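Chains as they are written, first to last, in the entry's author numbering: chain B, 4 to 83, 87 to 315; chain A, 3 to 314; chain B', 4 to 83, 87 to 315; chain A', 3 to 314. A prime marks a further copy of an entry chain. Every residue gets a Cβ at the ideal spot worked out from N, C-alpha and C, and that includes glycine.
Protein chains: 4
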Amino acid sequence: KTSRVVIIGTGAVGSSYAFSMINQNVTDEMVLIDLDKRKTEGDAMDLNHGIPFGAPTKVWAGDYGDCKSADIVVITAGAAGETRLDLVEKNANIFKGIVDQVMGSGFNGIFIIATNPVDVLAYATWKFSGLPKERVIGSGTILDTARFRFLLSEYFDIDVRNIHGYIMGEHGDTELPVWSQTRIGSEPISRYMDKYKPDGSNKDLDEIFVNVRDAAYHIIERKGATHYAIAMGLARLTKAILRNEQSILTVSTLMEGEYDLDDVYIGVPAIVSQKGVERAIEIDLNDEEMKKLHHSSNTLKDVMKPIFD
Amino acid sequence: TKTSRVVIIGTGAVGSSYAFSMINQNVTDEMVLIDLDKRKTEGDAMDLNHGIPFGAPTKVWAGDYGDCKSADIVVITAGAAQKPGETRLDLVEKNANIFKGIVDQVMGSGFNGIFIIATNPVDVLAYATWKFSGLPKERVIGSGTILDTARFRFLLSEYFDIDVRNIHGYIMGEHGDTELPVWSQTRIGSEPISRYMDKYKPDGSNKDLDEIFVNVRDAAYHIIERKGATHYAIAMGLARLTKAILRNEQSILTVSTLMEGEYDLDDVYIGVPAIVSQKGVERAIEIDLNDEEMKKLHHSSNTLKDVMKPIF
Amino acid sequence: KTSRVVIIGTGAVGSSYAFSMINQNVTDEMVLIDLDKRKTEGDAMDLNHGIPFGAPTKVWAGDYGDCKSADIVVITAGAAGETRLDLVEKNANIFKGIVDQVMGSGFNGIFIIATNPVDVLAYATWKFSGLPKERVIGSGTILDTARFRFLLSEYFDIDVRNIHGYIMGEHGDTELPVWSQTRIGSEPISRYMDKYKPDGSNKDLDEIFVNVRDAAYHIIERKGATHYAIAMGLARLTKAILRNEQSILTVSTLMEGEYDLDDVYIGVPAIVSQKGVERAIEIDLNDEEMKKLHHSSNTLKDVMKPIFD
Amino acid sequence: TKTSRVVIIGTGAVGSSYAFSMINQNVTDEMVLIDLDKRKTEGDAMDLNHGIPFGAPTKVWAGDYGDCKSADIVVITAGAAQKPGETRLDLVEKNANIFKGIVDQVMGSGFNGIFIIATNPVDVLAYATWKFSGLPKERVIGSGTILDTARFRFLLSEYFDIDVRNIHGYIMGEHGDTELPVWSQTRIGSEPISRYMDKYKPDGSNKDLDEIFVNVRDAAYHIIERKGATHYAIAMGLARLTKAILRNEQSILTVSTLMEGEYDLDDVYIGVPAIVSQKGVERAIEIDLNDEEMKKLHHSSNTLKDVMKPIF
């Protein structure tokens with residue numbers, strides 16, 4: 004009854020994801036795969052010190068054959087891409103090689119895709135693997151949504167568990183905040199502000215969204231890489247799956263009619279469980295929000311159609 | 003040393019279950035038990051104090067009122083339960099008298115923390131504690147409808163086959179016969195329940211929702227009718243409230259707090275969504291209610307005041 | 004990959020065990036069985052409030068058929087027995103009925119026995135069930151040993167994790183402390199005392215053991231029942247099994263040559279895992295300790311031989 | 003408010019990994035990052051400060067020395083690493099100078115907590131911190147051999163296929179080349195390892211035990227040889243030590259502390275089993291050693307004093 008998570012890519016993202024998981028105690032077994040076998044052995048050696056400190060996760064450097072019994076394969080590997091276009095091509099090539107090797111092992115679990123552009127690469131994984139959409143999941147806007155709630159929690163001086171807001175769309179420039187669905191406790195945000203934040207403005211809220219949208223940029227400009235944040239997001243998603251939570255997370259999943267979208271992976275609130283994505287939830291959007299969501303879909307499709315038939 | 007301490011007054015089924023939940027959840031550093039029967043309470047503490055060699059480090063002992071001096075929280079579970087030969091008012095008078103003595107003994111020790119009241123009727127006795135202690139309303143909290151709301155969300159989580167953390171509903175008012183579900187504010191994820199049902203619960207009926215609320219309202223009665231007593235449920239609610247205070251959450255819980263104008267109510271403790279933290283109840287939140295909900299909440303308040311009026 | 008624990012008996016012990024487990028979050032599913040079906044439904048109703056408070060264990064009142072997929076069946080039920091002899095007979099009768107119904111369901115997991123006399127009833131369960139010894143385990147001296155370590159931890163003003171001592175034998179009047187194997191950190195207790203407790207005496211240690219031996223008596227004389235303590239012990243044992251710990255616990259297991267004992271369940275240090283008891287550990291005993299252990303075995307056998315062929 | 007705060011000085015791989023381990027383990031309320039490059043450290047803090055919306059409530063920010071005033075613990079990971087063109091003494095001198103400035107800035111803020119030193123050479127720099135701070139030895143602790151001991155127990159747990167909590171062995175001495183396993187005190191459950199092996203490990207050899215110790219001693223070298231750096235391992239050890247202090251465990255950890263007569267050693271920090279609690283190191287425990295072990299421990303102490311002597 005043991006669980007196993009395989010991590011492809013032991014760069015900053017994969018290694019931080021591994022370390023978050025070991026400290027949170029989410030899976031029984033974690034297998035690390037990457038190109039440089041000697042290096043990956045070193046990565047596993049450094050990571051494999053949890054047991055004598057009360058963190059029982061077993062961690063080792065493996066190969067694609069170890070995916071056969073894996074519940075989840077998390078892909079963090081990628082190219083390291088001057089232009090966005092060049093990078094997507096390079097990453098699509100990398101993903102074909104990775105996904106083919108995973109499927110060749112007999113793997114029949116769930117893919118989590120972390121590598122950017124995450125929506126495009128989640129779609130790639132779905133195409134390359136031949137798996138049902140429910141079992142191929144991009145991290146999507148999970149982190150954007152977390153940041154959105156965290157900033158609102160600070161703005162309202164209330165527990166983040168009582169902030170209810172989503173970021174939808176591409177994980178990137180065309181993401182949108184769904185203000186029409188944003189609630190503080192059970193009340194629409196505007197009503198809550200009328201009562202408890204009377205000096206608050208639409209300016210403040212717009213600034214909050216800009217802070218979310220540009221967070222990675224502002225981290226990267228200071229320390230040259232980001233990884234801890236997405237690691238926490240990936241661990242959250244992994245727990246929803248392994249613990250069969252049936253909880254709502256904004257992940258990248260395949261549209262098959264929802265929001266009048268089709269044939270695109272995009273970030274939407276979705277029910278996540280041991281089944282993967284059970285349902286892409288359709289929430290009511292105002293006209294401007296729906297327009298922004300379709301713009302984001304169109305944007306993604308313009309990246310996808312040069313790569314996929 | 004930055005340690006936390008909770009004192010539990012009353013080591014009957016509710017107080018003992020609360021202590022056991024707390025020990026197993028690892029919420030406080032120190033737990034002191036106080037009750038009338040000193041020898042029994044020593045035995046209660048002995049039985050409860052086995053967490054340490056099993057990796058639950060809470061220190062548990064039988065104490066006295068002087069041990070409240072350094073306590074962060076005093077949880078009162080002691081009191082009589084209404085018996086056939088007496089009215090609701092007769093019970094209020096009796097328990098109010100009991101609380102006067104308990105609160106005087108607590109304050110006499112130098113205590114300067116937060117009271118959590120669990121004894122029924124919890125709204126009336128929380129108001130009594132506020133009056134007797136002289137403490138600010140923020141620091142006197144009745145468990146109120148915390149368990150009713152938890153049951154409400156749990157039932158809805160099963161009805162919709164979704165994580166309970168994605169169910170957003172409140173039970174408000176008196177903890178008892180006159181409580182009300184606030185269906186106009188009930189959301190599944192971000193959406194009003196009516197919209198969610200339209201989309202994802204086609205075989206659902208408003209009758210199912212009424213059944214859910216009846217199940218909440220009558221839960222204690224149905225447990226008691228089967229096993230003669232109830233205590234595990236409220237123990238979990240008390241532990242939840244304790245955690246919000248000790249961990250300084252500033253989260254929304256439906257607890258009993260003093261109305262001073264909220265919902266056009268005054269001079270009454272009643273169950274409402276409230277921000278709870280290390281400061282106690284920071285704020286009673288006013289959520290918009292429909293006309294029928296507001297009417298029910300005022301009826302609930304009136305009902306409470308009818309049994310308080312000949313004493314307070 | 005879900006785990007299931009069935010509890011037979013929803014009196015004080017079974018209910019406290021259920022409540023400890025729900026709060027500790029050890030198993031996915033807990034099924035309650037007892038004689039009064041309506042009462043047991045009530046017991047389950049009161050216990051089943053963890054979910055909305057973040058304790059995800061599913062709890063329900065069931066029947067013997069629910070044991071089919073159970074990983075563990077914990078027996079806490081018993082008679083409520088003026089003389090010790092009358093009580094053992096009554097409990098043996100009860101256990102035959104319980105064990106037959108459990109085996110009739112197709113159950114193929116592990117039995118934990120909590121009901122006293124626990125060694126005799128563990129042996130009964132082994133006989134009645136026909137299961138391998140590894141999978142029939144009495145709580146034994148798990149609680150006695152916990153008390154022993156806790157009292158020593160207070161005596162030496164050190165973390166209980168650094169106290170290493172065992173209570174062996176019958177869970178009852180003929181239990182023994184194994185002082186020759188008692189260590190504070192890695193040092194024999196006498197050496198540690200020479201250095202850090204110079205005014206300590208054998209008197210103090212004897213008093214500590216007497217306090218362990220008579221703990222239940224002193225609880226019962228004050229509040230008329232004991233249950234929280236054994237609940238914590240049962241939860242500890244359950245975690246060792248479900249988490250496949252391979253940890254050393256003093257449980258009641260069958261002797262098949264160990265300590266030159268045979269055909270008796272008795273409390274000894276044992277390795278406990280998902281396999282049940284992998285090994286009864288033989289530790290070196292001094293002559294007096296070995297004599298006490300054989301006296302305890304003889305005592306148990308005198309209770310057993312009137313009941314079992 | 004009873005909150006705990008840990009300040010980390012140095013936000014390179016070790017300090018950042020320590021912060022991330024702590025956030026995920028939920029050990030402290032507040033974590034302040036200090037390092038030389040202010041803009042980078044702001045970025046480090048930003049990346050690390052995403053625990054809250056994922057249910058890890060630790061507050062994390064980039065700060066300055068003034069934020070040490072209320073800190074319970076300051077963890078120093080900053081310093082240079084020895085480079086080809088310099089000796090061990092040259093590194094000691096350089097890092098001792100670095101520590102003088104860091105410690106002066108910490109004390110200048112009004113700090114009155116406990117120092118944990120992680121920077122290598124950890125025994126020498128812990129002694130330096132003790133000297134520079136003016137604090138009691140109890141409150142200045144080097145991580146010492148905590149990770150070596152953890153690795154030792156882990157390897158033995160795998161060798162015997164038993165829970166690591168039932169393996170009882172220590173690595174003592176300098177954290178480095180001259181550390182020693184104390185095989186004469188190594189126990190599997192309550193029994194000496196030789197006895198346990200006689201009974202339950204028939205294919206076992208003393209050569210396997212030597213191999214295990216070599217694996218411990220050379221672990222960092224073998225990690226670095228493969229991936230160029232090591233940091234996750236020590237981060238877990240630092241989190242373990244932090245937990246013992248903040249949770250007031252009074253548990254035995256092999257950490258670096260001042261010798262004042264123990265093991266017939268004086269005027270040196272060295273790794274020994276020690277009682278660790280909210281008070282810091284309460285006691286360096288003296289365990290009986292065989293003649294060869296005592297000789298090795300004194301050799302280790304001598305080795306440390308040889309590189310300290312031309313500076314202290």
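(request) Identify, in the order they occur along the chain, each residue of the same chain with its Cβ nearer than 8 Å to the Cβ of B:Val-184, setting aside the five sequence neighbours on each side. (result) Here residue 184 of chain B refers to the residue found at position 178 when the first sequence is read from its first residue. Hits under 8 Å: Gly-171, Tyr-172, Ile-173, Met-174, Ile-289, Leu-291, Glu-295.
(request) For the segment 281-303 of chain B, enumerate the residues whose C-beta is nearer than 7 Å to any C-beta of chain B', in chain order. (result) none
(request) Using a Cβ-Cβ cut-off of less than 8 Å, list which residues of the segment 29-55 of chain B' approach chain B; keep chain order. (result) none
(request) State the Cα-Cα distance for the pair A':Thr-3 and A:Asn-250, rounded to the nearest angstrom. (result) As a position in the fourth sequence, residue 3 of chain A' is number 1, starting the count at 1. As a position in the second sequence, residue 250 of chain A is number 248, starting the count at 1. Straight-line Cα distance between these residues: approximately 9 Å.
(request) Helix, strand or coil for A:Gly-12, going by three-state DSSP, please let me know. (result) Start at 1 with the first residue of the second sequence, and residue 12 of chain A comes out as number 10. Residue state, collapsed to three classes: coil.
(request) To the nearest angstrom, report how far apart B':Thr-244 and B':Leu-35 are at their CA atoms. (result) Taking the first residue of the third sequence as 1, we reach residue 244 of chain B' at position 238. Taking the first residue of the third sequence as 1, we reach residue 35 of chain B' at position 32. Going from the Cα of B':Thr-244 to the Cα of B':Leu-35 covers about 16 Å.
(message) I'd like to confirm the pairing. Which residues does DSSP put opposite B':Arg-7 in its beta bridges?
(response) As a first step, residue 7 of chain B' must be located in the third sequence, where it is residue number 4. Bridge partners of B':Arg-7: B':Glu-32.
(message) So A':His-224 contacts chain B; which residues on that side make the cut at Cβ distance below 9 Å?
(response) The count along the fourth sequence starts at 1 and reaches residue 224 of chain A' at position 222. Chain B residues near A':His-224: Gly-45, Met-48.
(message) My parser needs the beta strand (DSSP E) runs of 3 or more residues fully inside the segment 176-220 of chain A; what are they?
(response) none
(message) For A':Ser-279, report the span of its beta strand (DSSP E) as first-last.
(response) Residue numbering aside, residue 279 of chain A' sits at position 277 when the fourth sequence is read from its first letter. Unbroken beta strand (DSSP E) run through A':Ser-279: 268-279.
(message) For the structure I just gave you, are there three or more beta carbon pairs, one from the segment 23-38 of chain A and one from the segment 49-67 of chain A, closer than 8 Å?
(response) yes
(request) Go through its chain and collect everything with a Cβ distance to B:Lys-281's Cβ below 7 Å, but skip five positions before and after it. (result) Indexing the first sequence from 1 puts residue 281 of chain B at position 275. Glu-140.
(request) Going by CA-CA distance only, name the one from B:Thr-79, B:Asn-304, B:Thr-60, B:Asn-168 that's closest to A:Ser-192. (result) The residue given as residue 192 of chain A occupies position 190 in the second sequence. Nearest option by C-alpha distance: B:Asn-168.
(message) When you compare the CB of B':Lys-61 with every CB in chain B, is at least one pair closer than 8 Å?
(response) Position 58 of the third sequence, counted from the first residue, corresponds to residue 61 of chain B'. Taking Cβ atoms only, chain B never reaches closer than 8 Å to B':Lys-61, which makes this a no.
(request) Just tell me which of B':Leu-267, B':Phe-156, B':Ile-272, B':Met-261 has its CA closest to the CA of B':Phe-215. (result) Within the third sequence, the letter at position 209 stands for residue 215 of chain B'. Among B':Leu-267, B':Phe-156, B':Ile-272, B':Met-261, the Cα nearest to that of B':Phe-215 belongs to B':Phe-156.
(message) Any beta carbon of chain A' sitting closer than 8 Å to that of A:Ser-72?
(response) Your numbering for residue 72 of chain A matches position 70 in the second sequence. Judged by the 8 Å Cβ criterion, A:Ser-72 is not in contact with chain A'.
(request) Would you mind giving the Cβ-Cβ distance between A:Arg-285 and A:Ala-221, rounded to the nearest angstrom? I have them listed as a contact below 8 Å. (result) Counting from one through the second sequence, the residue named residue 285 of chain A turns up at place 283. Counting from one through the second sequence, the residue named residue 221 of chain A turns up at place 219. With 8 Å as the limit, A:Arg-285 and A:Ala-221 do not qualify as a contact, their Cβ atoms being about 28 Å apart.
(message) Within the continuous alpha helix (DSSP H) that includes A':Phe-314, where are the two ends?
(response) Taking the fourth sequence and counting its residues from 1, the one referred to as residue 314 of chain A' is at position 312. Here A':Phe-314 belongs to no alpha helix (DSSP H), and DSSP marks it neither H nor E.
(message) With a threshold of 8 Å between beta carbons, is B:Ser-6 in contact with chain B'?
(response) Here residue 6 of chain B refers to the residue found at position 3 when the first sequence is read from its first residue. Closer than 8 Å: yes.
(request) Give the interface partners of A':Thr-3 over in chain A, defined as CB-CB distance under 7 Å, in chain order. (result) Residue mapping note: residue 3 of chain A' aligns to position 1 of the fourth sequence, counting from 1. Within 7 Å Cβ-Cβ: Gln-280.
(request) Determine which residues of the segment 155-168 of chain A' have a Cβ less than 7 Å from any Cβ of chain B', and write them out in chain order. (result) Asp-163, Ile-164, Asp-165, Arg-167, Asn-168
(message) By the DSSP assignment, the beta strand (DSSP E) with A':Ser-253 in it spans what residues?
(response) Translated into positions along the fourth sequence, residue 253 of chain A' becomes position 251. Residues 253-262.
(request) Grab me the residues of B:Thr-259's own chain with a C-beta within less than 7 Å of its C-beta, minus the 5 sequence neighbours each way, in chain order. (result) As a working mapping, residue 259 of chain B is identified with position 253 in the first sequence. Only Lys-139, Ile-143, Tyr-271, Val-274, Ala-276, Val-283, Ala-286 meet the Cβ criterion.
(message) Pull the bridge partners of residue 1 of chain B' from the DSSP assignment, please.
(response) The first residue shown for chain B' is 4 and the last is 315, placing residue 1 of chain B' beyond what the model contains.
(request) Note down the Cα distance separating B':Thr-131 from B':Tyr-223, rounded to an integer number of angstroms. (result) Position 125 of the third sequence, counted from the first residue, corresponds to residue 131 of chain B'. Position 217 of the third sequence, counted from the first residue, corresponds to residue 223 of chain B'. When rounded, the distance between both Cα atoms is 26 Å.
(request) Mind the definition here: the segment 203-219 of chain B touches the segment 301-313 of chain B only if three or more C-beta pairs lie below 8 Å; say whether that holds. (result) no
(request) Would you verify that the beta carbon of A:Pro-275 is, or is not, closer than 8 Å to some beta carbon of chain B? (result) If you number the second sequence from 1, residue 275 of chain A lands on position 273. Yes, A:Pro-275 lies at the interface with chain B (some Cβ there is under 8 Å from its Cβ).
(message) Can you give me the C-alpha to C-alpha distance between A':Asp-212 and A':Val-257, rounded to a whole angstrom?
(response) For the purposes of this step, residue 212 of chain A' is taken as residue 210 along the fourth sequence, with counting starting at 1. For the purposes of this step, residue 257 of chain A' is taken as residue 255 along the fourth sequence, with counting starting at 1. About 23 Å.
(message) Using beta carbons (cut-off 8 Å, strictly below), is A':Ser-19 in contact with chain B?
(response) Here residue 19 of chain A' refers to the residue found at position 17 when the fourth sequence is read from its first residue. Chain B contact via Cβ: present.
(request) Would you tell me roughly how many angstroms separate the C-alpha atoms of B':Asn-99 and B':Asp-106, rounded to the nearest one? (result) By 1-based counting over the third sequence, the position of residue 99 of chain B' is 93. By 1-based counting over the third sequence, the position of residue 106 of chain B' is 100. Rounded to whole angstroms, B':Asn-99 to B':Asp-106 spans 11 Å at the Cα level.
(message) Let me make sure I understand the geometry here. Which of A:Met-109, A:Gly-136, A:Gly-146 has the alpha-carbon closest to that of A:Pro-123?
(response) Locating residue 123 of chain A in the second sequence gives position 121, where the first residue counts as 1. It is A:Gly-146.
(request) Anything in chain B' within Cβ reach of A':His-233, meaning under 7 Å, just list it in chain order. (result) The residue you call residue 233 of chain A' lines up with position 231 of the fourth sequence. Per Cβ cutoff of 7 Å: no residues; A':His-233 is ~27 Å from chain B' at best.
(message) For B':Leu-255 and A':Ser-279, what's the separation of their Cα atoms in angstroms?
(response) For the purposes of this step, residue 255 of chain B' is taken as residue 249 along the third sequence, with counting starting at 1. For the purposes of this step, residue 279 of chain A' is taken as residue 277 along the fourth sequence, with counting starting at 1. Going from the Cα of B':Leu-255 to the Cα of A':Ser-279 covers about 27 Å.
(message) If I measure Cβ to Cβ from B:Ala-82 and keep anything under 7 Å in the same chain, skipping five residues before and after, which residues do I get?
(response) Taking the first residue of the first sequence as position 1, residue 82 of chain B is located at position 79. Hits under 7 Å: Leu-93, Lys-96, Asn-97, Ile-100.
(message) Strictly by DSSP, which residues pair up with B':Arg-285?
(response) For this step, residue 285 of chain B' is matched to residue 279 along the third sequence. According to DSSP, B':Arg-285 bridges with B':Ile-277.
(message) Considering only their Cβ atoms, is the gap separating B':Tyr-67 from B':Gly-12 smaller than 8 Å?
(response) Walking along the third sequence from the start, residue 12 of chain B' turns up at place 9. Walking along the third sequence from the start, residue 67 of chain B' turns up at place 64. No, Cβ-Cβ distance for B':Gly-12 and B':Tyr-67 is not below 8 Å.
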